[PDB]
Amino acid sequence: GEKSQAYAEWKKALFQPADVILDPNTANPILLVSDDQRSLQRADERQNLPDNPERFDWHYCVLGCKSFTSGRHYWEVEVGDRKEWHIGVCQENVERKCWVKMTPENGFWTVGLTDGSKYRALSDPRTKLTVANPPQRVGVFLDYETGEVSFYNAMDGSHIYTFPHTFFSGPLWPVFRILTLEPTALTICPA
């Protein structure tokens, strides 16, 4: 209650609430972006889509519709009871076609879940997270100037992970990744 309230007030003191919608033109051909562009699901197989340059052809990734070149931004994602997901930010210049490892070195700052219970930061090497209360809703917090990407349990204000401070190159995009075919979608919370 107090921890929720402190979490709400910290977001207001410091971070601009981003209104994030998914760009279907970036989505891997196995992903479905909802008609309202807030939700993501996976298909049984690749659907037939143009291989336009911005689309992720290998990684099961999709980007937001707007980038960040400066400032403090947050958005929250309802991951619900999904067994698998990764979210965060990536540089505009990430490899979209060939495989690259999703690491900060390759322009990806993401954390997530595998096999229902394995929380990880996709640092290199990967960081094993210990999470006492598994989140249904995750806040993604960006500070462009200080090279800061951090993640919170948006329901109880508990911290999940902060990447080492870095230097970003060029615009950052919200990025979302699902590998599994399971009943719960990934849904962005509007601003």
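Numbering starts at 1 and follows the sequence shown.
Legend: mean Cα B-factor per stretch from the PDB entry, 123-131 versus 53-61; the higher mean is in 123-131.
Highest C-alpha temperature factor among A27, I160, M155, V140, as the PDB entry reports it: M155.
Residue-level inspection of the entry shows that, of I178, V175, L172, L14, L14 has the top Cα B-factor. When the modelled residues of the chain are ordered by C-alpha B-factor, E84 sits in the middle third. Ranked against the other modelled residues of its chain, the C-alpha B-factor of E105 as given in the entry falls in the highest third.
Among all modelled residues in its chain, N93 ranks in the middle third by Cα B-factor.
Among the modelled residues of its chain, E78 has a C-alpha B-factor that falls in the middle third according to the deposited record. Per the PDB record, residue ranking by Cα B-factor puts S34 in the lowest third of the chain.
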